[PDB]
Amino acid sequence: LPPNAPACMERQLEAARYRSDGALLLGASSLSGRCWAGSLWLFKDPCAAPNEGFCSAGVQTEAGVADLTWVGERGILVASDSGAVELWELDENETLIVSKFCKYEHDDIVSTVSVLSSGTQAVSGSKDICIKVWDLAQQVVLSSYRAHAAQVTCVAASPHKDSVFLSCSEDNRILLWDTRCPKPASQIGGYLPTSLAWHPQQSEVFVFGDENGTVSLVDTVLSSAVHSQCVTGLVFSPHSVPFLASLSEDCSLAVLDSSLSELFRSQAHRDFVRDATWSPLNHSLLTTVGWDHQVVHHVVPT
């Protein structure tokens, strides 16, 4: 029950991400009822989540949390229902989450957000069809790009190339971006693409999921029908030879190997599975959250 921390956390858990030391960041939305807001939470003990009385820190946001991501070790970057991109920061004590900036640059819900290589810039995509590149220190938009023709479902920063990132959209495009290029987007060659994950060990390799449950491995093709509904997210594990976690509106989590073959399946969740994040400390532990308000800690066989 730490200070300026809401007594109750909202039902619809949207995001879960570990940082280096293993504190767990949670993002929640109230997607029904009287108030449609959101909140941010840090659990230095992840096994206490999502119980509010045993969190390290928490804070209410004005609108729901469609997406978030760590910025470094103390920064939290939030895609808001309000069209805002928000940056919050932990205090030196890590007992308060404090708004750093809240800029209303999109004209619709901000759906996806991703920190670029350097840690000093981020990209956001929105239902307004735009993608924006942000300078986090100057709290300003550096570029706004209207490449797509429909909502921007996902953006993912390149792991090591600070000018390279992916995006996909309901206009059925997957775009590879390199802002060193005069025309910065390129169309990579179906069912609508819904999620993106760069390979952490291979520069030019990524995986994407679609609205029909298929996961695909792509070089700058291999695929498997993993899910019976939309593929909401894709998270490579931290292992030298990584595993690939995939999550779906079908309420399951799958874990896949190098060839997209299934090694693990969980049906613990009773509603949509919304995020998955691998422990830095124990590499076989994988944590999910979903709209059923569960935080599940899977032990993945390796």
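The first residue of the shown sequence is 1; numbering continues from there.
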Open item on the list: For the step residue 220 to residue 221, what size class fits the number of deposited residues with no coordinates, none, 1 to 3, 4 to 9, or 10 or more?
Closed with: 4 to 9
- [ ] Answer with none, 1 to 3, 4 to 9, or 10 or more: how many deposited residues between residue 189 and residue 190 are not present in the coordinates.
- [x] 4 to 9
Task: 126-134 or 221-229, whichever carries the higher mean Cα B-factor - done: 221-229
Task: Residue range whose averaged C-alpha B-factor is higher in the record, 31-39 or 257-265 - done: 257-265
Open item on the list: Quiz for you: based on the deposited Cα B-factor, which of 178, 94, 210, 170 is highest?
Closed with: 94
Task: Given 195, 144, 151, 201, the residue at which the Cα B factor reaches its maximum - done: 201
Open item on the list: Is residue 270 in the lowest, middle or highest third of its chain when residues are ranked by C-alpha B-factor?
Closed with: middle
TODO: Using the B-factors in the PDB entry, rank residue 163's C-alpha atom against the chain and give the third, lowest, middle or highest.
DONE: middle
Task: Relative C-alpha B-factor of residue 277, binned into the chain's lowest, middle or highest third - done: middle
Open item on the list: Using the temperature factors of the C-alpha atoms in this entry, rank residue 62 within its chain: lowest, middle or highest third.
Closed with: middle
Open item on the list: Could you place residue 51 in the lowest, middle or highest third of its chain by Cα temperature factor, using the values in the record?
Closed with: highest
